[PDB]
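A.B. asks: Here it is: the structure, laid out below.
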Amino acid sequence: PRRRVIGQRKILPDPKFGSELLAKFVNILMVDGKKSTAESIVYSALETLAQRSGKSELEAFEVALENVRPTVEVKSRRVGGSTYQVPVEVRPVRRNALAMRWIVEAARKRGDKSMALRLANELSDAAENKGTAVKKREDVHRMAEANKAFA
Amino acid sequence: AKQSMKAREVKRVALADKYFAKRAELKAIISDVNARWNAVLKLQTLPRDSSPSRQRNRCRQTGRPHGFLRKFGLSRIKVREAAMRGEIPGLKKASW
Amino acid sequence: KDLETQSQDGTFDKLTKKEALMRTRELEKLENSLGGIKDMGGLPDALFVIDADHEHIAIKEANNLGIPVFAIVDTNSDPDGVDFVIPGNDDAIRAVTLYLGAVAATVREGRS
Amino acid sequence: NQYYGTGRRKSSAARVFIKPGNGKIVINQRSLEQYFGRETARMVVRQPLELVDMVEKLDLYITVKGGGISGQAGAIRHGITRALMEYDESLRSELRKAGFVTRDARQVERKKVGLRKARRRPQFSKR
Amino acid sequence: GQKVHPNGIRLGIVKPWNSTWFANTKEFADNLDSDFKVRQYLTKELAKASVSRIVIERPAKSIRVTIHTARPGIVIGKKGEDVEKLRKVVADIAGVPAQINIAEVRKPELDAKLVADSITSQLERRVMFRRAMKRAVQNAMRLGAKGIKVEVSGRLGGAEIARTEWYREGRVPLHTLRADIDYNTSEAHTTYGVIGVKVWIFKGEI
Amino acid sequence: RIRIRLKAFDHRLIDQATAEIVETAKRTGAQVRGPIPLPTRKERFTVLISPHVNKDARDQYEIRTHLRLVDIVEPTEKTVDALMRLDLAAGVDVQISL
RNA sequence: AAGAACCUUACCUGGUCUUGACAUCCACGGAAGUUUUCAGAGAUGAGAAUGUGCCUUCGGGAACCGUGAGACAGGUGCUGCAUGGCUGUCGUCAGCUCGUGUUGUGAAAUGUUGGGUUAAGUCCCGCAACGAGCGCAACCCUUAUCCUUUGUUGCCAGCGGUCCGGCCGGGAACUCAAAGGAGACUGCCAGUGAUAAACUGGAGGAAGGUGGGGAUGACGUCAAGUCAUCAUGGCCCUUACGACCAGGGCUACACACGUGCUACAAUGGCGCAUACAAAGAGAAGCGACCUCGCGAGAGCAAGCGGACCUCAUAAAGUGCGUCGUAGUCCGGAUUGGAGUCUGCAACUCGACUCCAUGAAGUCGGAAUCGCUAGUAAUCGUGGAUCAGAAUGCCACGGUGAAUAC
């Protein structure tokens with residue numbers, strides 16, 4: 001964790017869309033190595049969000065990603081016994097991954113009977129910054145604005 | 001290494017074939033459901049110990065019952081003792 | 001010497017490059033430090049030092065064993081370890097090179 | 001005629017032998033549908049065919065042995081890529097450049113004594 | 001105890017087996033016990049022979065029993081005065097018609113078994129250990145042996161303090177797979193406990 | 001006809017034993033389909049190396065078993081008769097099916 | 001311990017004996033079928049030989065017992081602190097040392113310390129050091145690439161006979177089935193580099209930077225397990241601290257702990273047109289013909305030490321709809337009612353089917369541990385007992401998740 005390098009790894013996308021972004025979404029939506037049902041629910045969610053939004057599905061997807069987008073964060077170091085953190089602009093790849101996982105966890109925060117219905121409804125109401133994960137984005141923003149007093 | 005133990009085992013395996021393979025055959029002949037009557041139940045003069053199925057067939061080198069091995073008829077420690085001395089063809093260290 | 005004689009007849013390359021690499025890269029590296037002593041087979045009769053203080057090891061071994069010394073001394077050396085002295089300067093590299101040439105010439109002439 | 005292809009990938013090899021005819025794929029004397037192909041990797045078999053032209057160049061009979069489904073798809077892809085190079089190396093340059101001939105040696109690691117799985121040991125005992 | 005058995009890994013690479021035959025696994029045990037019994041019989045009746053080892057070969061309803069003994073003084077005898085008697089008793093105890101063949105081995109001191117047993121013998125014969133290993137190593141080295149090693153641990157000359165000693169000279173590439181190695185362990189029976197010996201030899205690299 | 005099967009655990013020994021017999025029949029025979037590799041047996045025998053607890057310390061033992069076939073089709077009866085009484089394989093048995 | 005009612009076994013209950021449990025030069029014989037008799041939980045008993053293998057004066061016995069006497073112990077006690085064989089600890093840690101020579105009156109350093117470095121005492125430069133072992137490196141398997149011999153108890157493209165008889169003439173482009181040869185060694189260029197070693201790319205990535213995995217575990221610390229495996233050191237129990245026959249202990253149970261398994265649902269019990277597994281065991285054994293069993297399976301059950309004859313059917317899914325929110329159609333820990341193979345029979349006590357049985361649990365105290373690419377997890381197979389079933393233990397083929405500033 002101190003000598004290794006980063007190779008910018010990439011794994012199997014969905015051939016219909018063929019986008020690395022959608023590739024990473026579907027590949028992190030995977031659980032325990034599940035392909036058929038996971039991709040089926042992914043496409044169900046995509047078609048349902050397109051139906052409810054009415055606009056183009058891909059641009060609605062981009063608008064949702066922009067809505068969930070956070071800006072800054074800090075890292076815990078425990079230097080002087082009090083909160084002594086240097087606000088570091090998180091990596092664009094890491095920022096994107098964290099936004100992905102916040103969306104996935106916002107989806108995960110329910111226990112609904114039907115995974116497809118729950119996923120579609122929550123992502124659709126989160127597409128216009130009024131769903132579930134935007135509260136987490138606001139909470140993370142509130143975690144900022146105060147860690148710059150110590151640098 | 002109990003020598004009375006080894007004597008019992010040797011005599012029981014000696015009687016595990018001369019007193020067997022015919023009493024069990026007689027039982028199997030009279031074990032048929034068609035009438036089996038009290039003859040099979042009254043023919044229990046067998047000690048039921050000489051039967052190989054209910055006989056341990058212990059290792060016969062140092063009398064350690066643990067690690068009985070059908071392939072060699074030995075115990076683990078003596079298999080290590082003798083195989084490493086060679087003299088057992090075909091046995092090489094395994095890796096893959 | 002046995003290793004180099006075997007290497008001119010031995011295997012060229014086998015598996016890892018280390019076993020053959022150690023065979024040849026060290027040849028000229030330690031050969032230069034050995035020079036031509038293979039032809040010597042004995043004990044020297046004289047010695048030479050370009051700076052007595054810096055290379056006093058050879059003179060110390062010499063007077064420990066008893067080899068006469070013909071060295072060059074200058075203003076910063078320690079000439080107490082030398083009795084047969086040739087005063088000179090350590091900066092004059094051309095002069096000492098011609099000095100070595102002249103002494104080699106008079107040795108090769110000698111009485112022969 | 002035939003095209004040379006064996007396609008070794010993830011313990012799966014497929015004898016891709018292409019003859020003139022239709023672009024349809026016959027798997028185990030059967031089509032992909034009644035082979036029940038709406039399972040995993042339902043569309044990856046046509047990704048190698050997605051970019052290249054189909055026209056009337058490929059008709060093949062295929063048998064696949066070993067692996068699950070990703071093994072089957074990898075065997076198909078490797079075999080067809082091995083059979084594809086009949087058209088000189090001009091295609092193979094971009095075939096490699098796009099990773100179409102990707103062969104991965106990520107086979108299974110043997111189970112190890114003392115560990116109940118590939119890399120999991122007993123939970124560390126009490127201090 | 002951490003060191004691995006030396007010839008154990010060697011056997012599967014370059015060293016021939018101590019026996020080479022085939023029988024089904026159930027009677028394989030009987031064959032192995034017959035081999036053990038003939039080993040005990042041969043090493044007890046020929047205690048004066050100081051045999052290096054005995055190799056068993058089992059053909060169909062027969063056995064060869066090749067023997068490598070240091071000196072042929074009693075191995076052959078007077079043109080078959082006793083060898084046929086040994087053949088007869090071996091065949092009778094083993095229950096199979098057996099033949100016996102004889103071969104000779106050079107340089108008895110290069111044998112690990114012979115030197116170890118000899119060292120145990122002088123230690124039984126009230127002499128100092130130091131001279132024992134030193135004489136052994138000097139005699140073995142001068143005979144063209146490129147490298148050897150000895151080890152004695154236990155009681156040293158009657159001292160009751162713990163004693164563990166080893167001594168080596170020459171090349172011993174023990175952790176190299178293609179190194180010829182001879183290994184043995186013998187025992188002594190001095191009055192104050194058993195003395196354990198150990199020895200390693202090396203002869204060739206390829 | 002009259003194929004010959006050998007069951008050995010030494011690859012060089014079985015190779016030489018099948019490279020002698022094939023020309024033993026080829027002294028006055030002909031044809032022969034050719035050498036075949038045949039499958040092999042594999043068994044991993046494990047045993048507790050230590051005599052006292054500590055199951056983790058073990059070791060792996062295996063025994064090989066090679067098989068060789070020739071599949072002569074049309075030989076002459078003379079050499080196939082001469083096969084017997086010339087057995088030289090010591091410690092390894094040959095398998096023949098009538 | 002890869003293992004228990006009976007032997008195991010050494011603990012108990014019910015009942016008796018030491019030249020002994022069992023091995024001798026043996027002292028005399030029947031030359032070791034043990035026949036019927038029943039009692040008795042039982043080494044409890046004891047009773048006639050009907051057969052007479054060896055022979056050259058059965059001129060030696062019986063290899064077994066019938067008699068108490070010249071093979072000797074049955075050990076379950078110390079001693080690892082006297083120990084030899086044996087295994088674990090640090091630890092795949094990067095060190096431990098030696099011969100020549102020197103400084104120093106001397107205990108000893110010196111080589112093994114300085115800079116660049118690398119998985120590393122792996123290298124290179126400088127210096128009173130030069131060299132050498134014990135180690136890592138390499139010498140072995142396996143797979144990822146290509147080759148020649150290679151086709152059966154055959155995997156088929158081929159012309160056709162096909163009901164999908166590879167039987168013909170079979171072939172190489174066949175994974176497959178084992179012997180051998182190449183493949184990679186930082187090649188060669190460009191950069192950072194003292195011109196040193198190393199670190200960044202390109203025809204190679206079908207394999208590039210020890211290709212990835214396994215065995216290979218240096219002197220030594222642990223008074224650790226092994227005189228119960230074993231040979232003893234100083235000794236020892238002694239009608240034996242043994243011989244036995246049946247029922248019983250490790251499966252049980254009012255204590256704290258740990259490892260492992262289905263659980264907290266709507267992806268689990270649902271039925272249907274229903275697809276591809278490498279890879280083993282197999283003769284006190286594997287058992288294709290038919291029939292039925294809410295079932296364990298019940299009987300004729302062929303062929304076979306093997307590509308012959310048992311488990312390839314793989315689950316991983318298309319769509320019908322459900323519990324469409326909770327103790328819920330989730331969750332199936334209990335006592336008795338009929339069986340599968342059980343040894344002689346299942347009683348702390350063989351494991352499996354059909355029910356009356358779904359209690360507690362709606363993802364979890366202050367948390368720790370294992371885990372940097374086929375890897376953590378999610379499904380499905382062989383081995384050990386085998387008179388008998390595996391949550392586990394020893395090995396397999398699937399689907400596969402990044403945080404390493």
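The chains in the structure tokens are called A, B, ... from first to last as shown; in each chain the residues are counted from 1, and the ligands are counted from 1 in the order shown.
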Enumerate, as a PyMOL selection string, the complete set of residues in chain F that a backbone-based DSSP assignment places in alpha helix (DSSP H).
C.D. replies: chain F and resi 11-25+77-83
A.B. asks: Excluding segment 247-259 of chain G and residues on its chain fewer than 3 positions from it, collect all residues at most 8 Å away from it, counting only C-alpha atoms (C1' of nucleotides), and give them as a count of residues only.
C.D. replies: 6
A.B. asks: Grab the atom CA of residue 84 of chain A to atom CA of residue 141 of chain A distance for me, in Å with one decimal place.
C.D. replies: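 It comes out at 17.7 Å.
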A.B. asks: Mind running chain D against chain G at 6 Å and telling me each contacting residue's nearest atom pair with the distance in Å (one decimal), counting only C-alpha atoms (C1' of nucleotides), chain and number ascending, as JSON lines?
C.D. replies:
{"residue": "D:4", "atom": "CA", "partner": "G:173", "partner_atom": "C1'", "distance": 4.9}
{"residue": "D:13", "atom": "CA", "partner": "G:175", "partner_atom": "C1'", "distance": 5.3}
{"residue": "D:35", "atom": "CA", "partner": "G:275", "partner_atom": "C1'", "distance": 5.9}
{"residue": "D:38", "atom": "CA", "partner": "G:318", "partner_atom": "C1'", "distance": 5.8}
{"residue": "D:39", "atom": "CA", "partner": "G:317", "partner_atom": "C1'", "distance": 5.0}
{"residue": "D:68", "atom": "CA", "partner": "G:398", "partner_atom": "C1'", "distance": 5.3}
{"residue": "D:105", "atom": "CA", "partner": "G:144", "partner_atom": "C1'", "distance": 5.3}
{"residue": "D:106", "atom": "CA", "partner": "G:374", "partner_atom": "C1'", "distance": 5.5}
{"residue": "D:120", "atom": "CA", "partner": "G:370", "partner_atom": "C1'", "distance": 5.4}
{"residue": "D:123", "atom": "CA", "partner": "G:369", "partner_atom": "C1'", "distance": 5.5}
{"residue": "D:124", "atom": "CA", "partner": "G:369", "partner_atom": "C1'", "distance": 5.8}
A.B. asks: Distance limit 10 Å, atoms considered: only C-alpha atoms. Which chain D residues sit that close to chain F? Return them as a VMD selection string.
C.D. replies: chain D and resid 113 to 115
A.B. asks: Which of these residues is nearest to residue 73 of chain C, using only C-alpha atoms: C:21, C:57, C:52, C:92?
C.D. replies: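 Using only C-alpha atoms, residue 73 of chain C sits closest to C:52.
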A.B. asks: Any idea what's packed within 7 Å of residue 21 of chain E, counting only C-alpha atoms (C1' of nucleotides), ignoring anything in its chain fewer than 2 positions away? Could you give it as an MDAnalysis selection string?
C.D. replies: (chainID B and resid 89) or (chainID E and resid 19 23 57:58) or (chainID F and resid 91:92)
A.B. asks: Give me a file of those residues, with N, CA, C and O atoms, as a PDB file, in the first residue's frame.
C.D. replies:
ATOM      1  N   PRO B  89       8.891 -48.297  -4.290  1.00  0.00           N
ATOM      2  CA  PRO B  89       8.972 -47.722  -5.637  1.00  0.00           C
ATOM      3  C   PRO B  89       7.769 -46.857  -5.976  1.00  0.00           C
ATOM      4  O   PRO B  89       6.657 -47.069  -5.485  1.00  0.00           O
TER       5      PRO B  89
ATOM      6  N   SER E  19      14.576 -50.208  -3.880  1.00  0.00           N
ATOM      7  CA  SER E  19      13.933 -51.380  -4.453  1.00  0.00           C
ATOM      8  C   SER E  19      13.049 -50.910  -5.596  1.00  0.00           C
ATOM      9  O   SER E  19      12.616 -49.756  -5.632  1.00  0.00           O
ATOM     10  N   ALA E  23       3.544 -54.837  -6.907  1.00  0.00           N
ATOM     11  CA  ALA E  23       2.560 -55.780  -6.406  1.00  0.00           C
ATOM     12  C   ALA E  23       1.338 -54.980  -5.987  1.00  0.00           C
ATOM     13  O   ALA E  23       1.430 -53.781  -5.710  1.00  0.00           O
ATOM     14  N   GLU E  57      15.204 -56.613  -5.287  1.00  0.00           N
ATOM     15  CA  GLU E  57      14.532 -56.625  -6.579  1.00  0.00           C
ATOM     16  C   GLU E  57      13.632 -57.849  -6.642  1.00  0.00           C
ATOM     17  O   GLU E  57      14.098 -58.973  -6.435  1.00  0.00           O
ATOM     18  N   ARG E  58      12.350 -57.632  -6.935  1.00  0.00           N
ATOM     19  CA  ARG E  58      11.366 -58.710  -6.916  1.00  0.00           C
ATOM     20  C   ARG E  58      10.841 -58.975  -8.320  1.00  0.00           C
ATOM     21  O   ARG E  58       9.950 -58.254  -8.796  1.00  0.00           O
TER      22      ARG E  58
ATOM     23  N   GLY F  91      10.293 -56.173 -12.230  1.00  0.00           N
ATOM     24  CA  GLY F  91       9.540 -55.398 -11.272  1.00  0.00           C
ATOM     25  C   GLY F  91       8.330 -54.677 -11.821  1.00  0.00           C
ATOM     26  O   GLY F  91       7.635 -54.003 -11.050  1.00  0.00           O
ATOM     27  N   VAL F  92       8.055 -54.784 -13.118  1.00  0.00           N
ATOM     28  CA  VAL F  92       6.880 -54.175 -13.730  1.00  0.00           C
ATOM     29  C   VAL F  92       6.193 -55.223 -14.597  1.00  0.00           C
ATOM     30  O   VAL F  92       6.855 -55.994 -15.300  1.00  0.00           O
TER      31      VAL F  92
END
A.B. asks: Residue 18 of chain C: which residues within 10 Å, counting only C-alpha atoms (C1' of nucleotides), same-chain residues fewer than 6 positions away excluded, as a PDB file with N, CA and C atoms (P, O5', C5', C4', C3', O3' and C1' of nucleotides), in the first residue's frame?
C.D. replies:
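File result_13.pdb, as written:
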ATOM      1  P     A G 137      15.657 -18.200  -3.666  1.00  0.00           P
ATOM      2  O5'   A G 137      16.635 -17.587  -4.762  1.00  0.00           O
ATOM      3  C5'   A G 137      16.408 -16.294  -5.301  1.00  0.00           C
ATOM      4  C4'   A G 137      17.488 -15.913  -6.281  1.00  0.00           C
ATOM      5  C3'   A G 137      17.770 -16.929  -7.374  1.00  0.00           C
ATOM      6  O3'   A G 137      16.858 -16.833  -8.452  1.00  0.00           O
ATOM      7  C1'   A G 137      19.808 -16.236  -6.406  1.00  0.00           C
ATOM      8  P     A G 138      15.724 -17.952  -8.651  1.00  0.00           P
ATOM      9  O5'   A G 138      16.447 -19.073  -9.519  1.00  0.00           O
ATOM     10  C5'   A G 138      17.034 -18.753 -10.771  1.00  0.00           C
ATOM     11  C4'   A G 138      18.173 -19.682 -11.096  1.00  0.00           C
ATOM     12  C3'   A G 138      17.844 -21.165 -11.055  1.00  0.00           C
ATOM     13  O3'   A G 138      17.254 -21.614 -12.259  1.00  0.00           O
ATOM     14  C1'   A G 138      19.859 -20.761  -9.879  1.00  0.00           C
ATOM     15  P     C G 185      14.221 -16.352 -19.382  1.00  0.00           P
ATOM     16  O5'   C G 185      15.612 -15.775 -18.863  1.00  0.00           O
ATOM     17  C5'   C G 185      15.810 -14.380 -18.678  1.00  0.00           C
ATOM     18  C4'   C G 185      17.070 -13.919 -19.365  1.00  0.00           C
ATOM     19  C3'   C G 185      17.501 -12.482 -19.115  1.00  0.00           C
ATOM     20  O3'   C G 185      18.169 -12.296 -17.879  1.00  0.00           O
ATOM     21  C1'   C G 185      17.685 -12.999 -21.425  1.00  0.00           C
TER      22        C G 185
END
A.B. asks: Could you tell me how far atom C1' of residue 53 of chain G lies from atom CA of residue 18 of chain B, in Å and to one decimal?
C.D. replies: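 Going from atom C1' of residue 53 of chain G over to atom CA of residue 18 of chain B, I get 20.6 Å.
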A.B. asks: Show me a table, sorted first by chain and then by increasing residue number, of the residues of chain E having an atom at most 9 Å from chain G, each with its shortest atom pair and the distance in Å to one decimal, counting only C-alpha atoms (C1' of nucleotides) and written as a tab-separated table.
C.D. replies:
residue	atom	partner	partner_atom	distance
E:1	CA	G:87	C1'	6.6
E:2	CA	G:217	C1'	7.0
E:3	CA	G:217	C1'	7.6
E:4	CA	G:217	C1'	8.8
E:9	CA	G:216	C1'	8.9
E:13	CA	G:140	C1'	7.8
E:153	CA	G:84	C1'	8.5
E:154	CA	G:83	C1'	6.5
E:155	CA	G:82	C1'	7.4
E:160	CA	G:82	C1'	6.2
E:161	CA	G:82	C1'	7.7
E:162	CA	G:82	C1'	7.4
E:170	CA	G:133	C1'	8.7
E:171	CA	G:133	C1'	8.0
E:175	CA	G:216	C1'	7.2
E:176	CA	G:139	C1'	6.5
E:177	CA	G:139	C1'	5.7
E:178	CA	G:139	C1'	5.9
E:179	CA	G:139	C1'	8.9
E:185	CA	G:85	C1'	8.8
E:187	CA	G:84	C1'	7.4
E:189	CA	G:231	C1'	8.9
E:191	CA	G:233	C1'	8.0
E:192	CA	G:233	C1'	6.2
E:193	CA	G:233	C1'	6.0
E:194	CA	G:84	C1'	6.5
E:195	CA	G:84	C1'	6.6
E:196	CA	G:84	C1'	5.0
E:197	CA	G:84	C1'	8.3
A.B. asks: Which chain D residues are at most 8 Å from chain A (counting only C-alpha atoms), as a ChimeraX atom specification?
C.D. replies: /D:39-41,43-44,47
A.B. asks: Name all residues at most 12 Å from residue 5 of chain B (count only C-alpha atoms (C1' of nucleotides); drop same-chain ones fewer than 3 positions away) and give them as a PyMOL selection string.
C.D. replies: (chain B and resi 1-2+8-12+56-60+62-65) or (chain G and resi 7-10+21-22+74+242-243)
